[PDB]
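Protein sequences appear in the order of chains B, C and D. Residue numbers for the first sequence, in PDB author numbering: 7 to 148, 152 to 523. Residue numbers for the second sequence, in PDB author numbering: 8 to 148, 152 to 523. Residue numbers for the third sequence, in PDB author numbering: 8 to 148, 152 to 523. In what follows, a structure is listed as structure tokens, so that the remarks can point back to it.
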Amino acid sequence: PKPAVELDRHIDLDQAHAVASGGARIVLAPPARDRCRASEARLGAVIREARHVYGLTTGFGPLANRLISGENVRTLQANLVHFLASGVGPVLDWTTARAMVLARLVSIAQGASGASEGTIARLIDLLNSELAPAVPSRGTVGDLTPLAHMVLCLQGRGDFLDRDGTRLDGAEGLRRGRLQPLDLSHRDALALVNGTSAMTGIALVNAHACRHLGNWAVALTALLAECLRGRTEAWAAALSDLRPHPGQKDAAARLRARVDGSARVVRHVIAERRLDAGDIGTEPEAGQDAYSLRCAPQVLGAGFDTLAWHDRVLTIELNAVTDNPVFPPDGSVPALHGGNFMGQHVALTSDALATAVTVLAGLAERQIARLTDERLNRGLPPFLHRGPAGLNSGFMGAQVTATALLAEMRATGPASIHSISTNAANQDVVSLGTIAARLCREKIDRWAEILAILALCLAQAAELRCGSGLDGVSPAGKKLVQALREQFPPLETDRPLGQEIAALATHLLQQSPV
Amino acid sequence: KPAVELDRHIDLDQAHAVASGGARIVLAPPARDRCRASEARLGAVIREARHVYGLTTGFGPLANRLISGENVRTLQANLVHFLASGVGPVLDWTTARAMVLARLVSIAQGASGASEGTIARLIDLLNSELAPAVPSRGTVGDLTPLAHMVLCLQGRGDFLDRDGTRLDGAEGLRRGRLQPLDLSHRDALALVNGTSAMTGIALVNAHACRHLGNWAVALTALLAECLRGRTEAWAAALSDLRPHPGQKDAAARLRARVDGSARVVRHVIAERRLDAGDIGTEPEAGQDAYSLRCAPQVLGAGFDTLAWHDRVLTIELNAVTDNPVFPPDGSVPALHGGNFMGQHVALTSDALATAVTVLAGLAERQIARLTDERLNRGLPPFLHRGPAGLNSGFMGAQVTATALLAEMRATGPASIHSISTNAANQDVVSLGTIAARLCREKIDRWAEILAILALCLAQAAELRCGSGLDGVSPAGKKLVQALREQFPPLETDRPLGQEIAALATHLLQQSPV
Amino acid sequence: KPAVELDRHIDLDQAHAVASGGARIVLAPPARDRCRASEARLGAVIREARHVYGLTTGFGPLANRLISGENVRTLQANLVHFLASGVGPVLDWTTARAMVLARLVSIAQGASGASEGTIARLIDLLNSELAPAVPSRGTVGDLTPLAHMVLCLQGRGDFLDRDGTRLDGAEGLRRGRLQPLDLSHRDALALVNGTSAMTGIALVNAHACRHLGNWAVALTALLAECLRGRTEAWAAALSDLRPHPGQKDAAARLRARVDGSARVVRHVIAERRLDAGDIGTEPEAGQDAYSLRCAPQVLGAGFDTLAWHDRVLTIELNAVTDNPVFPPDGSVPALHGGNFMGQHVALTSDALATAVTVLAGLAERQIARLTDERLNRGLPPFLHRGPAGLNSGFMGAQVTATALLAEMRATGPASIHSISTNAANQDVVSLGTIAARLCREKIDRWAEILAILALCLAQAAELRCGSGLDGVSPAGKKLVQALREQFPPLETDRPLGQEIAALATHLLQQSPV
Ligand SMILES: *NC1(P(=O)(O)O)Cc2ccccc2C1
Ligand SMILES: *NC1(P(=O)(O)O)Cc2ccccc2C1
Ligand SMILES: *NC1(P(=O)(O)O)Cc2ccccc2C1
């Protein structure tokens with residue numbers, strides 16, 4: 007059948023991505039259902055008492071000084087969704103749009119938003135269906154715009170996306186997925202729109218992709234060592250112990266595991282060798298590898314530690330109440346007005362992860378550059394070609410493509426530093442977290458393409474170095490090359506690799522080498 | 008003068024205390040023992056003629072050229088020489104000393120083989136009032155700056171006195187009562203193959219950010235007192251709903267700053283029940299603009315970034331960043347790897363620099379709001395005194411704050427610019443030193459923006475509450491009174507450049523307590 | 008010394024000659040007269056009580072506050088005061104003087120109403136050996155730096171001698187035999203409301219780039235003599251097929267540099283007819299790598315950017331950047347607009363900065379190639395002398411070059427960071443001063459990278475052709491001989507940091523002719 011995620015209070019990143027990718031269905035736990043019914047009742051009382059509350063008895067933003075009569079709240083909230091729907095640009099992908107819906111659902115499930123059962127049910131139904139709302143990616147300063158578009162979609166007034174990205178009109182979407190049109194009550198409108206759900210959704214998909222790409226970065230660094238007689242002593246646990254960064258220790262341990270059983274790497278600690286007068290002279294190779302192999306634990310480790318920080322922060326943000334105003338479950342006050350919708354946390358962690366991704370992509374790019382250079386690849390053909398040299402150039406075109414992809418990645422910097430006072434100075438500081446998360450996603454996509462090129466290069470390199478039988482290659486390495494060859498043939502003669510690179514990249518983002 | 012006893016671990020505060028000369032440093036007996044044991048180990052490795060980088064080989068891509076024992080002295084002397092190609096302004100006194108301290112801590116772990124004499128030279132330097140004069144540019148992340159540090163310690167390089175005044179090598183050794191560095195075995199490589207420069211710069215950045223963070227909070231609090239800010243946005247209940255540690259802490263500290271204040275608005279708006287007669291347009295909205303209302307969230311994100319930066323730096327400061335390294339357990343004679351790769355400090359420095367720029371942005375917008383007569387709720391335009399028009403108050407200073415911020419924004423992360431070098435041997439580099447230095451420049455600009463905000467607020471508080479600061483919180487009163495001891499009110503237009511610079515220097519070293 | 012007579016137009020070389028103290032400046036009779044005429048118009052505007060900014064109104068958004076003529080002196084006295092909120096390192100001697108010159112040229116157009124006395128103070132400064140000490144940061148693009159300039163000229167600010175050593179105001183006036191600035195009517199606003207600081211910085215950048223460009227060409231040519239470079243890639247025929255002026259110029263200068271060389275390859279390969287016996291693998295490819303073959307194109311694109319930069323700068327330098335302005339024809343009493351908006355210098359400075367980073371990158375790769383034993387065609391690894399391994403030669407310097415380039419890349423354009431300020435009155439700003447200063451920083455880094463390449467090439471030339479430079483072109487020999495006058499060959503490893511810095515300073519000021 008299909009796994010089920012029961013949402014109560016906390017959901018971890020793997021559970022969240024499982025639901026967003028449709029791998030698992032979602033159910034609201036009884037305790038959560040009750041907490042929300044209780045909040046629903048609080049919203050009702052707040053409204054009946056005509057309390058001064060943003061979005062219920064006031065205008066929006068700087069127009070909040072304009073009080074609104076209870077008789078016009080329906081209209082007020084209907085216009086809210088309308089004026090906010092000014093987004094433009096390509097729609098968020100299927101998994102990401104759903105991740106956004108999930109993020110808003112989790113914030114609501116904490117029982118402090120006042121959302122009605124129907125509204126909550128509409129979000130759950132969407133997540134359990136095979137559809138995703140079609141929402142424009144640009145327009146917010148960090152996530153009213155994208156969420157307002159989500160609301161319109163859920164009302165059948167906006168397009169839906171199937172798993173392939175094909176769009177369905179509103180009516181067709183509600184029909185096909187057996188979704189009931191969203192019926193907004195009280196502040197459901199503001200509740201569904203005033204949070205950091207878009208950026209959080211984008212970031213959770215980024216987190217999941219990075220985990221897989223990191224596994225490939227490790228698996229490919231290990232295979233590279235098997236193709237260039239790399240020295241395993243640089244990956245010794247003793248070294249990690251002396252510089253105890255969790256990410257480094259992990260990276261080194263994972264690298265060692267990958268080459269376990271290999272007869273292609275060099276396992277001798279050089280210091281064990283005692284020299285005598287006759288040894289003094291120039292040797293063919295230095296006693297240590299170049300940095301793209303020797304410093305892999307330190308570089309990959311720094312990236313893993315950045316991702317770990319990103320995920321710790323994202324875990325808190327995913328399970329937090331990012332809404333304004335909020336209705337305290339204890340009933341201490343009718344409501345609280347603040348800025349829990351300010352996505353500065355995801356903005357800063359997305360920018361940090363973006364930098365780390367660019368650094369790791371640079372490592373793979375240099376690994377490709379070394380492997381394909383006949384002057385540096387220790388005996389392998391230039392650009393790993395097969396057939397007559399000159400007539401055949403092998404991966405020479407692909408090597409340049411890898412460099413081009415990295416160069417483009419570097420052209421874009423952090424999004425967070427560009428805050429600009431807007432909304433008539435009411436929003437004098439903004440996070441741009443959604444932009445930050447999206448820019449990070451783009452870099453992750455380029456990294457997958459660079460790793461894809463490296464993977465194809467290594468499959469060819471392994472066969473050139475060890476024969477089609479991959480003699481001496483570690484079990485893990487053999488399995489990885491064999492799996493690649495199931496879909497990607499050896500480069501016996503020059504051929505267009507563009508489509509294959511793109512195809513492989515798509516795979517890398519969703520599955521790890523095991 | 009307090010003393011920091013170095014055994015295995017030292018925290019960031021103890022580190023800065025030694026680097027800033029606030030405390031002496033002593034090597035604990037256990038550390039001396041571990042180091043002597045490592046020295047004995049290196050001696051054995053050399054006697055056994057083990058194939059070890061720097062002891063029996065050339066450097067970098069030239070490591071394939073094996074060297075005979077009789078030539079190792081020359082080898083290591085030349086190492087210091089060819090690596091001394093740095094250029095640029097020297098690191099400041101505190102930072103250069105922090106760099107020396109960082110190398111000492113790495114050595115004290117007992118896996119470098121440094122001689123007692125070399126260790127003592129590092130300790131002596133830190134207990135003196137001097138710092139080596141080392142150029143700030145040249146490394147890809152820290153051979154260059156460390157090589158210069160060695161030359162200085164041999165009396166072949168300049169020193170810096172606390173004031174930054176330079177002394178020649180001979181004068182430095184004499185005045186600081188330092189013995190010339192006498193390198194043995196691989197001391198040269200040990201003193202040079204680590205991340206000590208970027209670590210030293212980063213720990214100074216860490217300390218400065220803690221103080222500036224306290225100022226950011228104290229000034230946001232005073233801003234609320236000058237603009238009738240609403241404290242409900244800083245309630246603890248909101249923090250609990252979105253439990254980011256930095257956010258909870260910022261909110262709590264903000265509340266503490268305005269405790270006892272009669273100038274802030276404490277009413278929860280939702281308590282008010284509306285009547286039909288109330289429907290219409292009211293004078294002010296029920297919530298504040300973001301520069302006040304979202305301070306917990308913005309400041310908090312910055313605080314969580316600094317917390318991450320500090321966790322990573324603490325590990326780096328206390329790690330052995332050297333190559334090769336000699337295992338204390340004696341499992342193998344030596345290990346060759348890449349613990350000198352400063353990718354961790356590079357990434358955290360880049361992330362912290364972004365956070366600093368974001369927080370400087372908040373303070374810049376706070377100045378912009380406070381000085382705008384259309385937004386400061388009744389305060390004079392640009393907080394001037396005397397006749398308007400004839401006097402413009404802080405109008406110039408406000409533009410200066412915007413200029414400082416715009417400059418910070420022009421510089422991005424250093425880490426993304428790795429370039430293959432050293433004949434492709436160093437095909438990937440961290441650029442951590444550059445990253446930390448760029449972060450330091452942003453921190454300096456942030457202090458200047460905060461200084462401008464502080465001077466504006468002292469004037470605003472008096473304009474709003476009178477010279478007696480009636481209704482101002484005890485913390486707010488204490489802060490203003492403290493500033494006024496050295497910075498007079500602006501009763502008439504005057505040059506503020508020098509005052510802004512003087513205050514910024516203070517903000518970087520002390521918090522409002 | 009030589010004298011530049013200012014009438015209406017002054018070119019960039021004439022401007023830098025005055026700024027650098029190489030030439031004196033004199034106001035031509037026609038300029039004196041059109042200025043006296045403007046001074047008369049200012050007096051008339053004031054006598055008639057015309058509604059004019061700075062004469063009868065407040066500043067910025069306070070301009071809506073009309074002022075009585077009985078308080079205009081106070082108004083302008085306070086203007087200089089509140090604007091003096093600058094911070095940061097002072098502009099260097101030559102740049103600060105270039106700034107004074109740019110303001111003088113703007114005034115010479117006769118549309119500012121500046122008095123003869125004020126004009127005389129600016130001319131006296133330029134004819135002295137001094138420069139005002141002005142903070143580099145504070146403006147959004152140049153009220154702040156200019157206000158500090160005024161204070162310096164009134165003797166209420168520091169002065170700088172050619173060495174950068176500071177003198178107090180009183181001493182500056184005394185030593186320079188200057189009279190204290192005595193402001194009248196709107197001299198204050200006239201001396202402060204323009205783009206003079208960024209223009210001054212940019213003109214110094216233009217001059218420096220011309221020299222570095224010449225060194226970039228001279229070193230690329232010498233590189234070809236050290237690596238058996240092919241001159242057919244620099245043929246005029248190729249330039250004609252892709253007629254970019256800069257490319258045609260770069261190729262022509264490159265051909266001129268290697269004229270007479272017996273070390274470069276001059277055979278067009280296509281002339282060779284192949285036969286069955288030739289099919290096979292040859293030692294080297296028939297074309298060079300891009301750092302040699304594509305030099306005309308890379309250097310040429312940089313030269314075309316500089317050309318654009320200088321065209322725009324020439325117009326800016328000779329334009330009137332002030333507000334308000336008093337039309338020389340008398341069509342109206344005064345005009346109010348925004349000719350102080352330095353968007354032109356901002357954009358060209360940013361474009362030039364990018365070009366400089368690109369060319370510095372070329373020089374960095376040329377060093378990488380020259381020092382790599384796998385790519386330098388037989389030269390020693392890192393061009394060392396003595397035993398290999400024991401000696402590492404330029405290995406440290408090569409990494410330093412990479413570090414310098416990486417740092418240049420971390421900083422981007424300044425223009426894209428406009429932020430609304432001055433109570434939204436200045437809702438868009440150019441940041442031209444920041445753009446020009448960032449460009450200057452990159453130019454300094456480029457000079458250091460070129461200095462490293464020059465020292466590497468001097469060594470490589472001798473290693474390849476012997477101490478007598480046999481076969482080296484006359485130009486190449488002259489260049490190496492000139493370098494060796496002050497920089498000895500690297501017979502053994504030594505610290506190069508000081509030499510790199512010294513040479514960089516020279517490269518920025520003189521070309522290899
Ligand atoms: N983010 C809000 P706030 O909760 O009032 O700060 C500002 C805004 C502007 C338009 C529509 C909704 C909101 C919510
Ligand atoms: N970082 C080193 P490694 O320890 O050999 O990797 C590379 C290098 C280059 C010149 C001088 C010293 C070193 C140490
Ligand atoms: N640039 C000016 P404008 O000529 O009024 O546009 C704005 C400003 C602000 C403070 C002091 C002088 C000026 C001139």
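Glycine residues also receive a C-beta, built at the ideal position from the N, C-alpha and C atoms.
In this structure, DSSP gives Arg31 of chain B an extended state, which the three-state scheme calls strand.
If you keep only unbroken beta strand (DSSP E) runs of at least 3 residues inside the stretch 322-400 of chain D, you get nothing at all. Cβ contact annotation for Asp320 of chain B (same chain, cutoff 7 Å, sequence separation greater than five): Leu19 and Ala216, in chain order.
Ligand 1 has a heavy atom closer than 8 Å to the beta-carbon of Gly348 of chain B.
Of all residues in the stretch 383-403 of chain B, those with a C-beta nearer than 9 Å to a C-beta of chain D are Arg384, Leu385, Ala398 and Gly399, reading in chain order.
Around the beta-carbon of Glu501 of chain D, fewer than 16 other beta-carbon atoms lie within 10 Å, marking it exposed.
One thing to note: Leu460 of chain D has its Cβ within 9 Å of the Cβ of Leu229 of chain D.
Contact annotation: in the stretch 277-301 of chain B, residues whose CB is within less than 8 Å of a CB in chain C are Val278, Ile279, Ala280, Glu281, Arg282, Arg283, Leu284, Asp285, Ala286, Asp288, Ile289, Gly290, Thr291, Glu292, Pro293, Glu294, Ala295, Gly296, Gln297, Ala299, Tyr300 and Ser301. Distance from the C-beta of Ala70 of chain B to the nearest heavy atom of ligand 1 is below 8 Å. One finds nothing in chain B with a Cβ atom closer than 7 Å to the Cβ of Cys219 of chain C; even the nearest lies about 14 Å away. Chain D has a Cβ within less than 9 Å of the Cβ of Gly422 of chain B. Under the three-pair Cβ rule at 8 Å, the stretch 252-270 of chain C does not count as touching the stretch 468-475 of chain C. In this chain, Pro96 of chain C is not harboured by any alpha helix (DSSP H); it is covered by the beta strand (DSSP E) spanning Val94 to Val97. Contact between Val274 of chain D and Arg238 of chain D holds, since their C-beta atoms are separated by about 7 Å, short of 8 Å. If you check the C-beta of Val87 of chain C against ligand 2, you find no heavy atom less than 8 Å away. Contact annotation: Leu489 of chain C and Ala411 of chain C have beta-carbon atoms that are not nearer than 9 Å. Among the CB atoms of chain C, none fall inside 9 Å of the CB of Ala245 of chain D.
In this structure, ligand 1 has a non-hydrogen atom nearer than 8 Å to the beta-carbon of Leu90 of chain B. For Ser249 of chain B, the uninterrupted alpha helix (DSSP H) run begins and ends at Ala246 to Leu251, by DSSP.
Chain-order list of chain B residues neighbouring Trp318 of chain C: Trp318, by C-beta distance under 7 Å. The beta carbon of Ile444 of chain D does not come within 9 Å of any beta carbon belonging to chain B, so the residue lies off that interface. Judged by beta-carbon spacing, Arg395 of chain B lies beyond the 9 Å limit of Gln307 of chain B, meaning their Cβ atoms are not closer than that value. Excluding residues up to 5 positions away in sequence, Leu163 and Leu191 lie with their Cβ nearer than 6 Å to the Cβ of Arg128 of chain C in the same chain.
Separation of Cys236 of chain D and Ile377 of chain D (C-alpha to C-alpha, rounded to the nearest whole angstrom) is 12 Å. In this structure, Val79 of chain B has its beta carbon at no less than 8 Å from each heavy atom of ligand 1.
Within chain B, the residues placing a beta-carbon under 7 Å from that of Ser430 of chain D are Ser430, ordered along the chain. For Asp171 of chain C, the uninterrupted beta strand (DSSP E) run begins and ends at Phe169 to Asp171, by DSSP. For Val202 of chain C, the shortest C-beta to heavy atom distance toward ligand 2 is below 8 Å. Distances from the CB of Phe66 of chain B to the heavy atoms of ligand 1 include at least one below 8 Å.
For chain C, the residues of the stretch 39-67 of chain D that bring a beta carbon within less than 9 Å of one of its beta carbons are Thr64, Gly65, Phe66 and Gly67, in chain order.
Per DSSP, the beta-bridge partners of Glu12 of chain B are B:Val33.
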